[PDB]
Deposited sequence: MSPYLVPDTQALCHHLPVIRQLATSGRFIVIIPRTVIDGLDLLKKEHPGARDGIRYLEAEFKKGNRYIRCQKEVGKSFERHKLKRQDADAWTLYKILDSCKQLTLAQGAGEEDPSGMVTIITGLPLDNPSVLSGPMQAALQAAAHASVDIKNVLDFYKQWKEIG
């Protein structure tokens, strides 16, 4: 099963992603648009640690993690490449067309995490 972090998810909830990516129960696909978004943002210190963490997991030999409105739907395009995938952003409950794209779950990081 695939989880795909938002930039916001990585920037603000890195310890949730750490848990999930280390769980070994998921493969974490980090989309190119997110990875490149974080290079831009690393400013925001969330961005700088989002990347640094990701490289630390790479370094430690984690095989369960990879890199590969607008953002929301851009993950969609990267997700239909993998199409049980599942998207992790922030802004949970409260763009209606984005989620309406039928093949993939979008759940808030902490919503997914607390469910998990």
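When the deposited sequence is numbered from 1, the segments without any C-alpha atom are 1 to 2, 45, 72 to 92, 108 to 123, 135 to 138, 161 to 164.
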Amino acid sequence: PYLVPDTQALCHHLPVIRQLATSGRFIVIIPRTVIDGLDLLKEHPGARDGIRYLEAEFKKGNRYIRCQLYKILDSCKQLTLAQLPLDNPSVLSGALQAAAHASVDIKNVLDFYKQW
From here on, numbers count along this sequence of modelled residues.
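Ranking 34, 82, 29, 72 by Cα temperature factor from the entry places 82 first. When the modelled residues of the chain are ordered by C-alpha B-factor, residue 43 sits in the lowest third. When the CA B factors of the chain's modelled residues are split into thirds, the value for residue 99 lands in the highest one. Compared with the other modelled residues of the chain, the Cα B-factor recorded for residue 108 ranks in the lowest third.
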